[PDB]
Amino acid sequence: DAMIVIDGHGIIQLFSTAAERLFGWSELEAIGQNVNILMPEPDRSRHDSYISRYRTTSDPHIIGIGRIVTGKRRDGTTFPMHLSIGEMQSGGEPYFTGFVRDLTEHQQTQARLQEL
C-alpha cells in the first residue's frame, strides 16, 4: 500500500501516490511536515521522543519487527494499519522508510462476524 520516507527528525521526505489515497494528504502538502501528522494522541505528541530514543539507545521497538497501529486520515477518521519500518542511509544521514498495509477491511469483516 502506502510508502513514506522520513529523515532522522521525523520530517516527511517522500510520500507515494498510494499514501496520498490512503491518508488524504497530497505529496506537496505532506512533504515538509512531521510524520506525527498521520497519527493520533498520545503517539502523536510522543513520536519525536520515540525516534529520538532509538537514535541513541539503538534499541528497535518496531524496526525489523512490524506492528499494527492506528493511523489518522486528514478528515480525522482513524484506521488500523500494519506498519513495517526499515532503516537506511543517504548523504551520510539516516532515513526511515515505512511500508503501510491498510487493514480497515480486515477489521470490519471481523467486527461484523463477531456481531452476527
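By rigid core we mean the largest C-alpha set that fits within 1.5 Å across both forms. One rule holds for the numbers: they count along the sequence shown, beginning at 1.
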Taking RMS over all structures and residues, which stretch has CA atoms farther from the shown form in 6 other deposited structures of this protein, 27-35 or 58-66, after a rigid core fit?
58-66
Averaging the C-alpha B factors as listed in the entry, name the stretch that ends up higher: 59-67 or 80-88.
59-67
For 48-56 versus 22-30, entry-based mean Cα B-factors point to 48-56
Could you place residue 102 in the lowest, middle or highest third of its chain by Cα temperature factor, using the values in the record?
lowest
